[PDB]
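Asker: So here's upload_17.cif (mmCIF, N, CA and C atoms).
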data_protein
#
loop_
_atom_site.label_atom_id
_atom_site.label_comp_id
_atom_site.auth_asym_id
_atom_site.auth_seq_id
_atom_site.Cartn_x
_atom_site.Cartn_y
_atom_site.Cartn_z
N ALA L 944 138.29 166.20 109.83
CA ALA L 944 139.35 166.18 110.83
C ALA L 944 139.30 164.93 111.69
N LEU L 945 138.11 164.51 112.12
CA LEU L 945 137.95 163.42 113.08
C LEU L 945 137.67 162.09 112.40
N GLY L 946 138.24 161.88 111.21
CA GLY L 946 138.03 160.62 110.52
C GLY L 946 138.57 159.43 111.29
N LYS L 947 139.67 159.64 112.02
CA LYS L 947 140.25 158.54 112.78
C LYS L 947 139.29 158.03 113.85
N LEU L 948 138.59 158.95 114.53
CA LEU L 948 137.60 158.53 115.52
C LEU L 948 136.35 157.99 114.84
N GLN L 949 136.00 158.54 113.68
CA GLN L 949 134.77 158.10 113.01
C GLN L 949 134.90 156.68 112.47
N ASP L 950 136.11 156.30 112.04
CA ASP L 950 136.30 155.00 111.41
C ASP L 950 136.05 153.86 112.38
N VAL L 951 136.37 154.05 113.66
CA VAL L 951 136.14 152.99 114.64
C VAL L 951 134.65 152.66 114.72
N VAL L 952 133.83 153.70 114.86
CA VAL L 952 132.38 153.51 114.94
C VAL L 952 131.86 152.90 113.64
N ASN L 953 132.34 153.42 112.51
CA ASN L 953 131.88 152.91 111.23
C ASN L 953 132.26 151.45 111.02
N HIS L 954 133.40 151.01 111.55
CA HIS L 954 133.78 149.61 111.43
C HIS L 954 132.93 148.73 112.33
N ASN L 955 132.73 149.16 113.58
CA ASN L 955 131.98 148.34 114.52
C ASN L 955 130.53 148.16 114.07
N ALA L 956 129.88 149.26 113.68
CA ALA L 956 128.49 149.18 113.24
C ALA L 956 128.37 148.32 111.99
N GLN L 957 129.31 148.46 111.06
CA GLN L 957 129.27 147.69 109.83
C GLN L 957 129.47 146.21 110.09
N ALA L 958 130.37 145.86 111.01
CA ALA L 958 130.57 144.45 111.34
C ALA L 958 129.33 143.85 111.99
N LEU L 959 128.71 144.59 112.92
CA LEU L 959 127.50 144.09 113.55
C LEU L 959 126.38 143.92 112.53
N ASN L 960 126.24 144.87 111.61
CA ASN L 960 125.24 144.78 110.56
C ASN L 960 125.50 143.57 109.67
N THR L 961 126.77 143.31 109.37
CA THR L 961 127.11 142.15 108.55
C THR L 961 126.73 140.86 109.25
N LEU L 962 126.97 140.78 110.56
CA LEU L 962 126.56 139.59 111.31
C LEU L 962 125.04 139.40 111.25
N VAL L 963 124.29 140.49 111.46
CA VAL L 963 122.84 140.39 111.43
C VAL L 963 122.36 139.96 110.05
N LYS L 964 122.97 140.49 108.99
CA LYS L 964 122.60 140.10 107.64
C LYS L 964 122.91 138.64 107.38
N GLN L 965 124.08 138.17 107.83
CA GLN L 965 124.44 136.76 107.67
C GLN L 965 123.49 135.85 108.43
N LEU L 966 122.81 136.36 109.45
CA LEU L 966 121.82 135.55 110.15
C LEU L 966 120.73 135.01 109.23
N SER L 967 120.45 135.67 108.11
CA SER L 967 119.33 135.30 107.25
C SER L 967 119.78 134.66 105.94
N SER L 968 120.76 133.78 105.98
CA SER L 968 121.25 133.09 104.79
C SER L 968 120.84 131.63 104.85
N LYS L 969 120.50 131.06 103.69
CA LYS L 969 120.06 129.67 103.65
C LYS L 969 121.21 128.69 103.89
N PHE L 970 122.43 129.07 103.53
CA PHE L 970 123.63 128.27 103.81
C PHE L 970 123.55 126.88 103.18
N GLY L 971 122.91 126.78 102.02
CA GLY L 971 122.80 125.52 101.32
C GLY L 971 121.58 124.69 101.66
N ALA L 972 120.78 125.11 102.64
CA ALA L 972 119.56 124.40 102.96
C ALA L 972 118.42 124.86 102.05
N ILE L 973 117.31 124.13 102.11
CA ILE L 973 116.16 124.46 101.27
C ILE L 973 115.52 125.77 101.73
N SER L 974 115.51 126.02 103.04
CA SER L 974 114.92 127.24 103.58
C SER L 974 115.76 127.74 104.74
N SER L 975 115.74 129.05 104.94
CA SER L 975 116.46 129.70 106.03
C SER L 975 115.59 129.94 107.25
N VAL L 976 114.35 129.47 107.24
CA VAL L 976 113.43 129.63 108.37
C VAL L 976 113.39 128.29 109.09
N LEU L 977 113.82 128.29 110.35
CA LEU L 977 114.09 127.04 111.06
C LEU L 977 112.81 126.29 111.40
N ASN L 978 111.82 126.99 111.96
CA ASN L 978 110.56 126.34 112.30
C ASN L 978 109.83 125.85 111.05
N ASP L 979 110.02 126.55 109.92
CA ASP L 979 109.52 126.04 108.65
C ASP L 979 110.18 124.71 108.30
N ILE L 980 111.49 124.60 108.54
CA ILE L 980 112.19 123.35 108.29
C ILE L 980 111.61 122.24 109.16
N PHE L 981 111.32 122.56 110.43
CA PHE L 981 110.68 121.57 111.30
C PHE L 981 109.32 121.13 110.76
N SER L 982 108.46 122.09 110.44
CA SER L 982 107.06 121.76 110.15
C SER L 982 106.91 121.10 108.79
N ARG L 983 107.63 121.59 107.78
CA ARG L 983 107.40 121.15 106.41
C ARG L 983 107.98 119.77 106.12
N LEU L 984 109.04 119.37 106.81
CA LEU L 984 109.74 118.13 106.50
C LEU L 984 109.82 117.24 107.74
N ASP L 985 109.92 115.94 107.49
CA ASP L 985 110.03 114.97 108.56
C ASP L 985 111.42 115.03 109.21
N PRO L 986 111.55 114.50 110.43
CA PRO L 986 112.82 114.62 111.17
C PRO L 986 114.03 114.09 110.42
N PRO L 987 113.93 112.96 109.65
CA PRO L 987 115.14 112.40 109.02
C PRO L 987 116.09 113.40 108.36
N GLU L 988 115.62 114.19 107.40
CA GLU L 988 116.48 115.18 106.77
C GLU L 988 116.30 116.59 107.33
N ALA L 989 115.25 116.83 108.11
CA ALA L 989 115.18 118.06 108.88
C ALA L 989 116.37 118.18 109.81
N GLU L 990 116.82 117.04 110.36
CA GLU L 990 118.03 117.04 111.17
C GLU L 990 119.24 117.50 110.37
N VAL L 991 119.36 117.03 109.12
CA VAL L 991 120.49 117.43 108.28
C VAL L 991 120.45 118.93 108.01
N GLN L 992 119.26 119.44 107.66
CA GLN L 992 119.13 120.87 107.39
C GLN L 992 119.47 121.70 108.62
N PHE M 400 102.85 92.59 116.24
CA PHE M 400 101.44 92.83 115.95
C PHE M 400 101.20 92.56 114.47
N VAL M 401 99.98 92.83 114.02
CA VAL M 401 99.59 92.62 112.63
C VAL M 401 98.90 93.89 112.13
N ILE M 402 99.37 94.41 111.00
CA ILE M 402 98.84 95.63 110.42
C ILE M 402 98.54 95.38 108.94
N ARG M 403 97.95 96.39 108.31
CA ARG M 403 97.58 96.31 106.90
C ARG M 403 98.81 96.43 106.02
N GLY M 404 98.62 96.11 104.74
CA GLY M 404 99.75 96.10 103.81
C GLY M 404 100.34 97.48 103.59
N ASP M 405 99.49 98.49 103.38
CA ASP M 405 100.00 99.81 103.05
C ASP M 405 100.43 100.59 104.29
N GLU M 406 100.08 100.10 105.48
CA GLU M 406 100.45 100.78 106.71
C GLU M 406 101.83 100.38 107.23
N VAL M 407 102.53 99.48 106.53
CA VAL M 407 103.83 99.02 107.00
C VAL M 407 104.85 100.15 106.95
N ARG M 408 104.63 101.15 106.09
CA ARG M 408 105.53 102.30 106.04
C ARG M 408 105.27 103.30 107.16
N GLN M 409 104.13 103.21 107.84
CA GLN M 409 103.85 104.08 108.97
C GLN M 409 104.64 103.71 110.21
N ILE M 410 105.25 102.53 110.24
CA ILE M 410 106.06 102.10 111.38
C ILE M 410 107.48 102.59 111.11
N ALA M 411 107.73 103.85 111.46
CA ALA M 411 109.03 104.48 111.28
C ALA M 411 109.08 105.76 112.12
N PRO M 412 110.25 106.15 112.61
CA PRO M 412 110.33 107.37 113.41
C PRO M 412 109.93 108.60 112.61
N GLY M 413 109.17 109.48 113.26
CA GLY M 413 108.76 110.73 112.65
C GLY M 413 107.61 110.64 111.67
N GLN M 414 107.03 109.46 111.48
CA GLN M 414 105.92 109.33 110.55
C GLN M 414 104.62 109.82 111.19
N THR M 415 103.63 110.06 110.33
CA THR M 415 102.33 110.55 110.77
C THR M 415 101.25 109.76 110.06
N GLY M 416 100.18 109.48 110.79
CA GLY M 416 99.06 108.73 110.26
C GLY M 416 98.22 108.19 111.40
N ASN M 417 97.25 107.35 111.03
CA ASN M 417 96.37 106.75 112.03
C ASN M 417 97.14 105.79 112.93
N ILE M 418 97.92 104.89 112.34
CA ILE M 418 98.63 103.88 113.12
C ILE M 418 99.73 104.52 113.95
N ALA M 419 100.48 105.45 113.37
CA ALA M 419 101.61 106.05 114.07
C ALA M 419 101.17 106.98 115.19
N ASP M 420 99.88 107.32 115.27
CA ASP M 420 99.40 108.27 116.27
C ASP M 420 98.48 107.64 117.30
N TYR M 421 97.56 106.77 116.88
CA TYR M 421 96.56 106.24 117.79
C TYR M 421 96.80 104.79 118.19
N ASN M 422 97.78 104.13 117.61
CA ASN M 422 97.96 102.72 117.92
C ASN M 422 99.38 102.36 118.36
N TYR M 423 100.40 102.98 117.77
CA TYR M 423 101.78 102.62 118.07
C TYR M 423 102.68 103.76 117.64
N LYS M 424 103.44 104.32 118.58
CA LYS M 424 104.32 105.45 118.31
C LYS M 424 105.76 105.05 118.57
N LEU M 425 106.62 105.28 117.59
CA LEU M 425 108.06 105.06 117.68
C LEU M 425 108.78 106.36 118.02
N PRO M 426 109.75 106.31 118.93
CA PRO M 426 110.47 107.53 119.30
C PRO M 426 111.32 108.05 118.14
N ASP M 427 111.57 109.36 118.17
CA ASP M 427 112.36 109.98 117.11
C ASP M 427 113.79 109.44 117.09
N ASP M 428 114.40 109.29 118.26
CA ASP M 428 115.76 108.75 118.36
C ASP M 428 115.76 107.23 118.48
N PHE M 429 115.06 106.57 117.57
CA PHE M 429 114.91 105.13 117.64
C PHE M 429 116.15 104.43 117.11
N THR M 430 116.51 103.32 117.76
CA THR M 430 117.56 102.43 117.29
C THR M 430 117.04 101.00 117.30
N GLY M 431 117.45 100.21 116.33
CA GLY M 431 117.02 98.84 116.22
C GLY M 431 116.61 98.51 114.81
N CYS M 432 115.84 97.44 114.67
CA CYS M 432 115.39 96.94 113.38
C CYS M 432 113.91 96.60 113.44
N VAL M 433 113.27 96.63 112.27
CA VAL M 433 111.88 96.21 112.11
C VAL M 433 111.84 95.14 111.03
N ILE M 434 111.05 94.09 111.27
CA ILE M 434 110.91 92.98 110.33
C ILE M 434 109.43 92.82 110.03
N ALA M 435 109.07 92.89 108.75
CA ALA M 435 107.69 92.73 108.31
C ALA M 435 107.66 91.82 107.10
N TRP M 436 106.85 90.77 107.17
CA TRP M 436 106.70 89.83 106.07
C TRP M 436 105.22 89.53 105.87
N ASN M 437 104.84 89.30 104.62
CA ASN M 437 103.45 89.01 104.30
C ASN M 437 103.04 87.68 104.92
N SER M 438 101.85 87.66 105.51
CA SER M 438 101.32 86.47 106.16
C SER M 438 99.86 86.27 105.76
N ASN M 439 99.59 86.36 104.46
CA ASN M 439 98.24 86.18 103.96
C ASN M 439 97.74 84.75 104.12
N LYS M 440 98.64 83.79 104.33
CA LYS M 440 98.26 82.38 104.41
C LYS M 440 97.86 81.94 105.81
N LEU M 441 98.05 82.78 106.82
CA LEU M 441 97.78 82.40 108.20
C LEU M 441 96.81 83.32 108.92
N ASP M 442 96.50 84.49 108.36
CA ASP M 442 95.62 85.46 109.00
C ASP M 442 94.52 85.90 108.05
N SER M 443 93.98 84.97 107.27
CA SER M 443 92.95 85.28 106.29
C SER M 443 91.83 84.25 106.34
N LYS M 444 90.60 84.74 106.37
CA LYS M 444 89.41 83.90 106.31
C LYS M 444 88.58 84.31 105.10
N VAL M 445 88.00 83.32 104.42
CA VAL M 445 87.09 83.63 103.32
C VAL M 445 85.87 84.38 103.85
N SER M 446 85.32 83.93 104.98
CA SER M 446 84.21 84.65 105.60
C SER M 446 84.66 86.01 106.10
N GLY M 447 85.88 86.10 106.62
CA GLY M 447 86.41 87.36 107.10
C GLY M 447 86.93 87.28 108.52
N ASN M 448 88.21 87.62 108.70
CA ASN M 448 88.82 87.58 110.02
C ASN M 448 88.55 88.89 110.75
#
With the file now loaded, output its structure as structure tokens.
Answerer:
Amino acid sequence: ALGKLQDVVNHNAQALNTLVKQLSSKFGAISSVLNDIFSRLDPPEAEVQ
Amino acid sequence: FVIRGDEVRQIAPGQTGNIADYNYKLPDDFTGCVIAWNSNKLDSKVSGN
């Protein structure tokens, strides 16, 4: 009966979860861990990453 | 100044080594030019400089 009210919560939670999941994508870089990018590589291309 | 032959690559932003740490440090946001040419004919002694 209350699907209309349930869908709002289900949409909001799902969108927030999608944002959190997108937080952990490499996005074309060698690594998705930022401090690893700092430590492992020199500033020249660490800046690009 | 005057440095060794293989240490000429240590004179660059973000580099690590003996020269880049204990003798001469270049800033990360460096601008300008570096000029290095061999001078074996003016800074060499047979006995040892």
Asker: Give me the result of the PyMOL selection byres ((chain M) within 7 of (chain L)) on this file, residue by residue, as a list in words.
Answerer: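 This file, filtered by the PyMOL selection byres ((chain M) within 7 of (chain L)), leaves residues 412, 413 and 414 of chain M.
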Asker: One number please: atom CA of residue L:947 to atom CA of residue L:959, in Å, one decimal.
Answerer: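 Pair atom CA of residue L:947 / atom CA of residue L:959 returns 19.3 Å.
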Asker: Taking the file as shown, what set of residues would the PyMOL selection byres (((chain M and resi 410 and name CA) around 12) and name CA) give back, as a ChimeraX atom specification?
Answerer: /M:400-409,411-420,422-427,429,432-435
Asker: Write to file, as a CSV table (one decimal), keeping the file's coordinate frame, the residues of the selection just made, with N, CA and C atoms.
Answerer:
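Okay, out-v9.csv is ready:
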chain,number,residue,atom,x,y,z
M,400,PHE,N,102.8,92.6,116.2
M,400,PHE,CA,101.4,92.8,116.0
M,400,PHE,C,101.2,92.6,114.5
M,401,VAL,N,100.0,92.8,114.0
M,401,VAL,CA,99.6,92.6,112.6
M,401,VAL,C,98.9,93.9,112.1
M,402,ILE,N,99.4,94.4,111.0
M,402,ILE,CA,98.8,95.6,110.4
M,402,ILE,C,98.5,95.4,108.9
M,403,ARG,N,98.0,96.4,108.3
M,403,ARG,CA,97.6,96.3,106.9
M,403,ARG,C,98.8,96.4,106.0
M,404,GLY,N,98.6,96.1,104.7
M,404,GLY,CA,99.8,96.1,103.8
M,404,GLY,C,100.3,97.5,103.6
M,405,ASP,N,99.5,98.5,103.4
M,405,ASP,CA,100.0,99.8,103.0
M,405,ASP,C,100.4,100.6,104.3
M,406,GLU,N,100.1,100.1,105.5
M,406,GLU,CA,100.4,100.8,106.7
M,406,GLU,C,101.8,100.4,107.2
M,407,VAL,N,102.5,99.5,106.5
M,407,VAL,CA,103.8,99.0,107.0
M,407,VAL,C,104.8,100.2,107.0
M,408,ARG,N,104.6,101.2,106.1
M,408,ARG,CA,105.5,102.3,106.0
M,408,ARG,C,105.3,103.3,107.2
M,409,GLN,N,104.1,103.2,107.8
M,409,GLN,CA,103.8,104.1,109.0
M,409,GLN,C,104.6,103.7,110.2
M,411,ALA,N,107.7,103.8,111.5
M,411,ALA,CA,109.0,104.5,111.3
M,411,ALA,C,109.1,105.8,112.1
M,412,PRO,N,110.2,106.2,112.6
M,412,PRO,CA,110.3,107.4,113.4
M,412,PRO,C,109.9,108.6,112.6
M,413,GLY,N,109.2,109.5,113.3
M,413,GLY,CA,108.8,110.7,112.6
M,413,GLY,C,107.6,110.6,111.7
M,414,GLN,N,107.0,109.5,111.5
M,414,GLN,CA,105.9,109.3,110.6
M,414,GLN,C,104.6,109.8,111.2
M,415,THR,N,103.6,110.1,110.3
M,415,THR,CA,102.3,110.6,110.8
M,415,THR,C,101.2,109.8,110.1
M,416,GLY,N,100.2,109.5,110.8
M,416,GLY,CA,99.1,108.7,110.3
M,416,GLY,C,98.2,108.2,111.4
M,417,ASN,N,97.2,107.4,111.0
M,417,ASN,CA,96.4,106.8,112.0
M,417,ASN,C,97.1,105.8,112.9
M,418,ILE,N,97.9,104.9,112.3
M,418,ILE,CA,98.6,103.9,113.1
M,418,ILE,C,99.7,104.5,114.0
M,419,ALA,N,100.5,105.4,113.4
M,419,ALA,CA,101.6,106.0,114.1
M,419,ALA,C,101.2,107.0,115.2
M,420,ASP,N,99.9,107.3,115.3
M,420,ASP,CA,99.4,108.3,116.3
M,420,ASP,C,98.5,107.6,117.3
M,422,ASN,N,97.8,104.1,117.6
M,422,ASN,CA,98.0,102.7,117.9
M,422,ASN,C,99.4,102.4,118.4
M,423,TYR,N,100.4,103.0,117.8
M,423,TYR,CA,101.8,102.6,118.1
M,423,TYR,C,102.7,103.8,117.6
M,424,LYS,N,103.4,104.3,118.6
M,424,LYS,CA,104.3,105.4,118.3
M,424,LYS,C,105.8,105.0,118.6
M,425,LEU,N,106.6,105.3,117.6
M,425,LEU,CA,108.1,105.1,117.7
M,425,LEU,C,108.8,106.4,118.0
M,426,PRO,N,109.8,106.3,118.9
M,426,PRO,CA,110.5,107.5,119.3
M,426,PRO,C,111.3,108.0,118.1
M,427,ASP,N,111.6,109.4,118.2
M,427,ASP,CA,112.4,110.0,117.1
M,427,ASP,C,113.8,109.4,117.1
M,429,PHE,N,115.1,106.6,117.6
M,429,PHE,CA,114.9,105.1,117.6
M,429,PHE,C,116.2,104.4,117.1
M,432,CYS,N,115.8,97.4,114.7
M,432,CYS,CA,115.4,96.9,113.4
M,432,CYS,C,113.9,96.6,113.4
M,433,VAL,N,113.3,96.6,112.3
M,433,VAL,CA,111.9,96.2,112.1
M,433,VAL,C,111.8,95.1,111.0
M,434,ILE,N,111.0,94.1,111.3
M,434,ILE,CA,110.9,93.0,110.3
M,434,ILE,C,109.4,92.8,110.0
M,435,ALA,N,109.1,92.9,108.8
M,435,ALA,CA,107.7,92.7,108.3
M,435,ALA,C,107.7,91.8,107.1
Asker: Take atom CA of residue L:955 and atom CA of residue L:967 and report the distance between them in Å, one decimal.
Answerer: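 Taking atom CA of residue L:955 as the start and atom CA of residue L:967 as the end point, the length is 19.6 Å.
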Asker: Figure out the distance between atom N of residue L:960 and atom N of residue L:978, please, to one decimal in Å.
Answerer: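 Computing it gives 23.0 Å between the two atoms.
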Asker: Name the residues of chain L that fall into alpha helix (DSSP H) according to DSSP on the backbone, using the chain letters and numbers of this document, as a PyMOL selection string.
Answerer: chain L and resi 946-965+977-983+986-989
Asker: Please write the residues picked by the PyMOL selection byres (((chain L and resi 970-973 and name CA) around 12) and name CA) on this file as a PDB file with N, CA and C atoms, in the coordinates of the input.
Answerer:
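Below is the file out-v6.pdb, written as the result:
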ATOM      1  N   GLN L 965     124.080 138.170 107.830  1.00  0.00           N
ATOM      2  CA  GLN L 965     124.440 136.760 107.670  1.00  0.00           C
ATOM      3  C   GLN L 965     123.490 135.850 108.430  1.00  0.00           C
ATOM      4  N   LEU L 966     122.810 136.360 109.450  1.00  0.00           N
ATOM      5  CA  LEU L 966     121.820 135.550 110.150  1.00  0.00           C
ATOM      6  C   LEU L 966     120.730 135.010 109.230  1.00  0.00           C
ATOM      7  N   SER L 967     120.450 135.670 108.110  1.00  0.00           N
ATOM      8  CA  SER L 967     119.330 135.300 107.250  1.00  0.00           C
ATOM      9  C   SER L 967     119.780 134.660 105.940  1.00  0.00           C
ATOM     10  N   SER L 968     120.760 133.780 105.980  1.00  0.00           N
ATOM     11  CA  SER L 968     121.250 133.090 104.790  1.00  0.00           C
ATOM     12  C   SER L 968     120.840 131.630 104.850  1.00  0.00           C
ATOM     13  N   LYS L 969     120.500 131.060 103.690  1.00  0.00           N
ATOM     14  CA  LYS L 969     120.060 129.670 103.650  1.00  0.00           C
ATOM     15  C   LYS L 969     121.210 128.690 103.890  1.00  0.00           C
ATOM     16  N   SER L 974     115.510 126.020 103.040  1.00  0.00           N
ATOM     17  CA  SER L 974     114.920 127.240 103.580  1.00  0.00           C
ATOM     18  C   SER L 974     115.760 127.740 104.740  1.00  0.00           C
ATOM     19  N   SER L 975     115.740 129.050 104.940  1.00  0.00           N
ATOM     20  CA  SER L 975     116.460 129.700 106.030  1.00  0.00           C
ATOM     21  C   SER L 975     115.590 129.940 107.250  1.00  0.00           C
ATOM     22  N   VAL L 976     114.350 129.470 107.240  1.00  0.00           N
ATOM     23  CA  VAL L 976     113.430 129.630 108.370  1.00  0.00           C
ATOM     24  C   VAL L 976     113.390 128.290 109.090  1.00  0.00           C
ATOM     25  N   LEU L 977     113.820 128.290 110.350  1.00  0.00           N
ATOM     26  CA  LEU L 977     114.090 127.040 111.060  1.00  0.00           C
ATOM     27  C   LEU L 977     112.810 126.290 111.400  1.00  0.00           C
ATOM     28  N   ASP L 979     110.020 126.550 109.920  1.00  0.00           N
ATOM     29  CA  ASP L 979     109.520 126.040 108.650  1.00  0.00           C
ATOM     30  C   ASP L 979     110.180 124.710 108.300  1.00  0.00           C
ATOM     31  N   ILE L 980     111.490 124.600 108.540  1.00  0.00           N
ATOM     32  CA  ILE L 980     112.190 123.350 108.290  1.00  0.00           C
ATOM     33  C   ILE L 980     111.610 122.240 109.160  1.00  0.00           C
ATOM     34  N   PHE L 981     111.320 122.560 110.430  1.00  0.00           N
ATOM     35  CA  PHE L 981     110.680 121.570 111.300  1.00  0.00           C
ATOM     36  C   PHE L 981     109.320 121.130 110.760  1.00  0.00           C
ATOM     37  N   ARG L 983     107.630 121.590 107.780  1.00  0.00           N
ATOM     38  CA  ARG L 983     107.400 121.150 106.410  1.00  0.00           C
ATOM     39  C   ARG L 983     107.980 119.770 106.120  1.00  0.00           C
ATOM     40  N   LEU L 984     109.040 119.370 106.810  1.00  0.00           N
ATOM     41  CA  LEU L 984     109.740 118.130 106.500  1.00  0.00           C
ATOM     42  C   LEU L 984     109.820 117.240 107.740  1.00  0.00           C
ATOM     43  N   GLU L 988     115.620 114.190 107.400  1.00  0.00           N
ATOM     44  CA  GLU L 988     116.480 115.180 106.770  1.00  0.00           C
ATOM     45  C   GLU L 988     116.300 116.590 107.330  1.00  0.00           C
ATOM     46  N   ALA L 989     115.250 116.830 108.110  1.00  0.00           N
ATOM     47  CA  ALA L 989     115.180 118.060 108.880  1.00  0.00           C
ATOM     48  C   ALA L 989     116.370 118.180 109.810  1.00  0.00           C
ATOM     49  N   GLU L 990     116.820 117.040 110.360  1.00  0.00           N
ATOM     50  CA  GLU L 990     118.030 117.040 111.170  1.00  0.00           C
ATOM     51  C   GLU L 990     119.240 117.500 110.370  1.00  0.00           C
ATOM     52  N   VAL L 991     119.360 117.030 109.120  1.00  0.00           N
ATOM     53  CA  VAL L 991     120.490 117.430 108.280  1.00  0.00           C
ATOM     54  C   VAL L 991     120.450 118.930 108.010  1.00  0.00           C
ATOM     55  N   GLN L 992     119.260 119.440 107.660  1.00  0.00           N
ATOM     56  CA  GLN L 992     119.130 120.870 107.390  1.00  0.00           C
ATOM     57  C   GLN L 992     119.470 121.700 108.620  1.00  0.00           C
TER      58      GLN L 992
END
